[PDB]
Amino acid sequence: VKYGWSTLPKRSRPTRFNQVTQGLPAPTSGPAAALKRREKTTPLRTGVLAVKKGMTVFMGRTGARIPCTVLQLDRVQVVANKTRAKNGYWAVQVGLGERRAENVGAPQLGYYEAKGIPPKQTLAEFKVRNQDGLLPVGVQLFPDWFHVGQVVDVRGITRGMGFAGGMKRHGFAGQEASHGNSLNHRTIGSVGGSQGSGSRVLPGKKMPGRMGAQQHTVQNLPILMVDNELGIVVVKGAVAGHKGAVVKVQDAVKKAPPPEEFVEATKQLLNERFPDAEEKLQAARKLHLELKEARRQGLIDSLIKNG
Amino acid sequence: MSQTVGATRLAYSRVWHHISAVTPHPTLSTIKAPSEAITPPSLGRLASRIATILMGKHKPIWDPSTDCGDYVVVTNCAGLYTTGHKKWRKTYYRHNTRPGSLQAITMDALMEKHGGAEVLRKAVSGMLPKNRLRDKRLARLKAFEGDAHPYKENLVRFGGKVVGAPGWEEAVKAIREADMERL
Amino acid sequence: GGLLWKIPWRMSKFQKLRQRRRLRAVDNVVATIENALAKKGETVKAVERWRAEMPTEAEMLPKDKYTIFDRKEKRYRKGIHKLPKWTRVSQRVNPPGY
Amino acid sequence: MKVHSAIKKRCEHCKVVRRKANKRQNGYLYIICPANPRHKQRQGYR
Amino acid sequence: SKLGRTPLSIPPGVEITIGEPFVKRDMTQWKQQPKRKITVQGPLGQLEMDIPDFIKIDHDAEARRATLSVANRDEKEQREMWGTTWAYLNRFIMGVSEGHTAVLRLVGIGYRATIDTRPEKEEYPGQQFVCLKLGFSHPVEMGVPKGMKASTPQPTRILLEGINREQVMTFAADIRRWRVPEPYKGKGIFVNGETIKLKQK
RNA sequence: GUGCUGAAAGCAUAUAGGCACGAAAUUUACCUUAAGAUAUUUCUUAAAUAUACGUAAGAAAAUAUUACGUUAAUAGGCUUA
RNA sequence: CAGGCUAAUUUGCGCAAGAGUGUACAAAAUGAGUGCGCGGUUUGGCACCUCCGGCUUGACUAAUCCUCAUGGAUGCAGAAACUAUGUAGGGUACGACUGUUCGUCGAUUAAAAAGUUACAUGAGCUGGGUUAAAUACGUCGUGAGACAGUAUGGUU
RNA sequence: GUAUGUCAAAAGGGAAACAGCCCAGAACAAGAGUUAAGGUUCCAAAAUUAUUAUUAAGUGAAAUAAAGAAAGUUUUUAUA
Ligand SMILES: [K+]
Ligand SMILES: [K+]
Ligand SMILES: [K+]
Ligand SMILES: [K+]
Ligand SMILES: [Mg+2]
Ligand SMILES: [Mg+2]
Ligand SMILES: [Mg+2]
Ligand SMILES: [Mg+2]
Ligand SMILES: [Mg+2]
Ligand SMILES: [Mg+2]
Ligand SMILES: [Mg+2]
Ligand SMILES: [Mg+2]
Ligand SMILES: [Mg+2]
Ligand SMILES: [Mg+2]
Ligand SMILES: [Mg+2]
Ligand SMILES: [Mg+2]
Ligand SMILES: [Mg+2]
Ligand SMILES: [Mg+2]
Ligand SMILES: [Mg+2]
Ligand SMILES: [Mg+2]
Ligand SMILES: [Mg+2]
Ligand SMILES: [Mg+2]
Ligand SMILES: [Mg+2]
Ligand SMILES: [Mg+2]
Ligand SMILES: [Mg+2]
Ligand SMILES: [Zn+2]
């Protein structure tokens with residue numbers, strides 16, 4: 001085998017021919033089985049991209065003092081929806097920030113050209129439970145997307161620490177300092193047994209190497225403050241990464257989803273702030289073809305200088 | 001040397017054979033009486049017949065070095081026949097070289113994830129020569145769970161009748177009779 | 001012991017068939033010699049001893065063709081394929097009762 | 001319950017049954033007794 | 001079997017309908033064995049089971065009787081299902097006509113029982129929920145399966161009713177699983193005359 | 001370990017057959033890494049794109065990774081708080 | 001020394017049988033002298049092979065000290081504990097003494113259990129014991145000297 | 001120690017791998033040649049060849065774990 005128990009070649013595509021409507025047992029693996037086992041824990045709504053701006057404390061009006069992190073949402077927009085009939089899973093693609101057109105490549109310039117959205121800085125997907133979590137393309141998500149007291153999960157890239165030793169990377173105790181130790185004060189020590197243990201270093205051995213700059217999730221962080229003007233969403237506790245780093249905020253998976261009334265109110269607010277998200281999208285998709293057909297012919301210069 | 005001087009094209013061509021794991025097989029069954037008791041070919045007795053086709057050993061031009069094998073489409077692998085209590089008592093083991101990481105799974109639990117086609121690929125794989133042609137030969141075994149497959153047009157035919165169909169034998173005898181009308 | 005002499009305790013149906021044919025072939029060598037001499041009205045002391053106290057393959061019990069008597073065994077029986085040069089040696093009679 | 005290698009009936013009400021036998025395991029032999037629960041015995045090890 | 005030979009007296013009102021040998025195709029099995037759908041309809045309800053094909057029913061409508069027989073007594077599989085198929089039909093015939101009942105006795109100071117409706121956890125409209133006070137901190141509430149009528153003539157006595165014996169006795173065991181009779185005071189739930197021997201002290 | 005139905009074996013039986021309860025182990029779930037099918041009404045006819053160079057960095061032994069390069073706040077200076 | 005073969009032996013276990021103990025009552029608990037075995041941990045045998053603890057960092061076994069499910073318990077009222085069946089996920093700490101593994105003790109703890117891996121790991125460290133040259137004591141030897149005797153020191 | 005053989009100084013086939021066991025003593029080639037031990041579903045040259053029983057445990061299938069227990073099953077011999 002190469003991966004798991006499957007000896008099937010890698011270019012074979014037999015999934016459509018083994019159907020459950022033909023009387024076959026539902027497979028235990030595959031996208032369908034994966035989504036059922038994660039149905040309870042998948043969020044109902046999408047998430048937002050925020051930038052870690054710093055740390056502070058929230059002072060209550062009766063004596064409370066709560067450490068918290070300030071996460072700012074900068075021009076967060078919905079860029080695309082991932083359906084189960086086209087991709088195999090439900091998800092919403094969200095954007096953050098802005099970027100100069102010259103830095104954006106032609107493949108991505110046309111990707112936004114067919115949506116009516118300015119080129120974004122980053123993009124990320126947020127898995128949703130079902131089709132009810134898909135949002136219109138081109139709608140901005142504000143801090144009010146969450147409500148005070150709501151628990152969320154913050155995913156971010158930890159602070160890089162370069163090549164770390166055994167003490168910092170794996171909590172090795174080290175060795176003695178003065179009782180005769182020769183050149184072995186912070187070293188890892190022995191790396192395994194002798195002939196009876198394989199005559200080799202065993203896979204999975206904890207050794208020095210690079211540490212940090214990996215994704216880390218913090219679960220169950222309440223929302224202390226929500227300010228739309230400032231664009232910040234204050235959450236209790238710490239968050240992975242450095243200031244100015246992009247993090248992913250979404251409802252907690254180990255907690256009950258937000259009330260039904262809230263999930264509808266937030267969706268009903270996107271229809272008011274942007275009464276026409278489809279009319280502007282269909283017009284953009286109609287312009288992409290006109291420009292895409294001009295690039296093929298080579299008459300794009302005429303359209304640019306038309307008016 | 002005359003016997004092998006000629007067109008070898010069609011002797012090395014890949015034929016797409018077909019077999020159903022549910023259809024009773026009077027030859028590959030151990031119960032040969034009565035007619036109603038004839039069972040399908042067991043896992044290992046079907047795999048031994050398939051490994052012979054993948055090697056091209058059924059041909060009179062077989063050579064272990066040359067890859068003169070054929071394709072085999074096995075359908076209805078969900079109803080793969082097994083005797084005794086193999087389905088729930090046979091274990092498949094796997095190791096990645098790391099002590100502690102031994103993965104075991106029963107035949108019935110392996111048929112819930114990758115269906116019965118994976119259980120058949122493991123049997124045929126172990127019956128093939130352990131060399132640099134084992135993965136090419138095993139790749140020509142296209143096993144499916146039901147009756148649907150993308151090779152319903154590739155299966156070898158004789159007069160429009162797929163081999164193994166109701167009237168394929170009569171269609172073959174009719175073409176050889178016309179062949180005799182020549183010097 | 002650590003040196004592996006992988007000798008199974010019992011014989012296979014193939015070894016038993018050739019053992020039957022080797023016993024039956026030695027019966028034809030003694031009958032041919034005994035019939036060739038009878039025509040001349042002669043006898044050999046070794047041929048008269050064999051026919052007396054040795055049975056033919058059709059008169060031997062299945063346990064006498066595939067087993068021998070070893071006093072160091074739980075049931076005083078040992079596979080005949082454990083005897084040195086058992087394929088080229090005659091062995092058909094065991095102690096009585098064993 | 002007493003797991004022995006030699007299970008015997010200790011009264012007229014003791015019964016010998018093979019339980020826990022299914023498609024995955026062979027099971028064990030039990031000495032079940034409704035009169036006295038101290039007669040409960042099993043043959044075999046999991 | 002000495003029970004499979006005994007005819008089954010069909011009392012007035014009960015009707016036995018024998019099906020025809022059919023086979024439901026199963027993609028997981030290469031050969032399914034034919035079965036026969038037997039329906040037993042009457043005043044209280046209708047029960048249905050699928051018997052193997054080797055069992056033959058000689059339904060005598062004239063004398064209102066039905067005797068069972070197997071195609072081969074030498075096979076262990078056919079001898080067993082012969083008596084088991086008879087024992088089930090006997091219950092079915094005597095369950096759709098008269099009905100099956102189970103009595104539970106609640107022993108213990110503070111043990112009560114009521115039959116109330118819990119619309120919050122109803123599996124089917126109008127489901128009856130047996131509420132039991134057995135000394136637990138929480139309330140123990142169980143919904144009667146669709147087809148059973150449960151009533152409590154007294155607080156310390158439950159009365160289950162239904163046409164399917166296997167369902168009635170199985171539901172009485174789930175209620176008894178909360179408080180199994182103890183041998184020191186006799187506290188627990190006793191089903192259909194069940195008793196426990198007490199200790200000296 | 002504990003049950004319901006229930007015969008072979010008129011009884012009995014949680015033994016066959018048909019159902020069920022049940023553990024810090026298991027599996028899933030949760031987290032990371034790897035995997036890279038697939039998706040975009042995406043780009044490209046000698047390019048798209050990437051690299052090099054320069055100012056750097058949420059990166060950092062080399063390498064790699066992530067930005068920026070005048071239509072520019074990438075680094076330094078300067079100014080204010 | 002380690003590995004190899006063996007298993008008398010063991011401070012490693014299991015099963016069978018049941019004298020006897022258990023106020024009564026063999027098998028709740030308990031089990032004389034025995035029998036049939038497993039296993040490779042102690043002390044040994046053979047002579048095939050080559051002329052010690054601590055620290056750091058593990059991996060695995062299950063014959064289980066704690067934690068989870070559970071049968072039996074005239075001797076299971078409850079509680080705690082006893083015995084046994086599942087079960088090795090995690091944990092099993094701190095200090096005094098001794099070169100010590102071991103062993104004894106102090107005080108906490110849900111518990112302060114074991115074993116294999118060259119009795120894991122010295123081209124990862126330590127060198128206290130052991131193990132050279134120096135020196136003294138006791139004992140032995142006519143003597144030089146010796147000692148599974150003891151001391152101070154002694155290129156890892 | 002004794003009896004016999006092999007290895008030592010013996011390649012080759014079989015025993016998965018193999019100094020000592022079962023076959024058989026290599027001067028060199030050719031052959032669907034003929035055979036020994038051993039084998040004949042596939043890896044792998046040759047039977048998915050015939051006859052009669054047993055087993056349902058993957059027991060077993062080329063290195064027999066014991067005493068022992070038991071409404072597992074078959075047969076035989078009595079017997080109701
Ligand atoms: K130093
Ligand atoms: K190595
Ligand atoms: K019962
Ligand atoms: K994850
Ligand atoms: Mg940094
Ligand atoms: Mg330190
Ligand atoms: Mg190795
Ligand atoms: Mg060896
Ligand atoms: Mg049981
Ligand atoms: Mg009954
Ligand atoms: Mg395109
Ligand atoms: Mg260019
Ligand atoms: Mg650098
Ligand atoms: Mg500046
Ligand atoms: Mg109890
Ligand atoms: Mg777990
Ligand atoms: Mg050591
Ligand atoms: Mg070393
Ligand atoms: Mg000094
Ligand atoms: Mg020599
Ligand atoms: Mg040789
Ligand atoms: Mg072999
Ligand atoms: Mg030939
Ligand atoms: Mg062959
Ligand atoms: Mg085996
Ligand atoms: Zn009893």
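What the table below lists for this structure:
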{"read-out": "For A:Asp74, distant residues with modelled amide H under 5 Å away", "value": "A:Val51, A:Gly97"}
{"read-out": "Low-density loop positions, GluC sites (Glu not before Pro), region A:239-282 - DSSP coil, at most 15 other Cβ in 10 Å", "value": "A:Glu278"}
{"read-out": "Beta bridges by DSSP in chain B, antiparallel share as percent, to the nearest 5", "value": "45"}
{"read-out": "Sequence-distant residues sharing a close amide H with A:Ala124 (under 5 Å, placed H)", "value": "A:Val94"}
{"read-out": "Computed [θ] at 222 nm, deg cm²/dmol, chain A (DSSP H ≥ 4; -39,500 (n - 2.57); rounded to nearest 500)", "value": "-5500 deg cm²/dmol"}
{"read-out": "Distance violations [Cα-Cα > 25 Å] among B:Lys136/E:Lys31; B:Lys32/B:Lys86; A:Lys36/A:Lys254; C:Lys13/C:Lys82; D:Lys20/E:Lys149; B:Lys86/C:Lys13", "value": "B:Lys136/E:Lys31; D:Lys20/E:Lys149; B:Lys86/C:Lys13"}
{"read-out": "Among A:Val137, A:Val76, A:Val57: highest mean-square fluctuation, GNM of chain A, C-alpha pairs under 10 Å", "value": "A:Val57"}
{"read-out": "Trypsin sites (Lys or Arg not before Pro) restricted to region C:1-56 and DSSP loop, no more than 13 other C-beta within 10 Å", "value": "C:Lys6, C:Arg10, C:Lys40"}
{"read-out": "Restricting region B:95-183 to GluC sites (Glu not before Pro) in coil, as DSSP defines it, with at most 14 other Cβ within 10 Å", "value": "B:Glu153, B:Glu181"}
{"read-out": "0 to 90° range, to nearest 10: angle between helix C:13-39 axis and chain C longest Cα axis", "value": "20"}
{"read-out": "Amide proton proximity set for A:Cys68, modelled H, under 5 Å, gap of 5+", "value": "A:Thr56, A:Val57, A:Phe58, A:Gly237"}
{"read-out": "Listed residues E:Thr152, E:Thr101, E:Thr28, most fluctuating in chain E (Gaussian network, C-alpha, under 10 Å)", "value": "E:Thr28"}
{"read-out": "Per-residue HN-Hα couplings for region B:104-111 [Karplus 6.51, -1.76, 1.60; θ = phi - 60°; Hz; x = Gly/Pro]", "value": "10, 7, 7, 4, 6, 6, 7, 8"}
{"read-out": "Gaussian network model of chain E, Cα within-10 Å springs - most flexible of E:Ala150, E:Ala172, E:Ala87", "value": "E:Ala87"}
{"read-out": "Kyte-Doolittle mean at least -1.0 and Cα axial length at least 18 Å: DSSP H helices in chain A", "value": "A:260-273"}
{"read-out": "Cα-based helix-to-principal-axis angle, E:165-176 vs chain E, degrees rounded to 10", "value": "20"}
{"read-out": "Sequence-separation-based contact order of chain C, relative, with Cα cut under 8 Å and 6+ spacing, percent", "value": "29"}
{"read-out": "Chain E: angle of helix E:76-96 to the longest principal axis, Cα-based, in degrees nearest 10", "value": "60"}
{"read-out": "Mean separation of Cα contacts under 8 Å, 6 or more apart, over the residue count of chain A: relative contact order %", "value": "23"}
{"read-out": "Cα centroid separation, region E:4-81 to region E:83-104 (Å)", "value": "15"}
{"read-out": "Prolate/oblate/rounded label for chain C (Cα gyration tensor, a/c 1.5)", "value": "prolate"}
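Since every read-out is calculated from the coordinates, none of them should be taken as a lab result. Cβ coordinates were reconstructed from backbone atoms using ideal geometry, including for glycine residues, and neighbour counts include every protein chain displayed.
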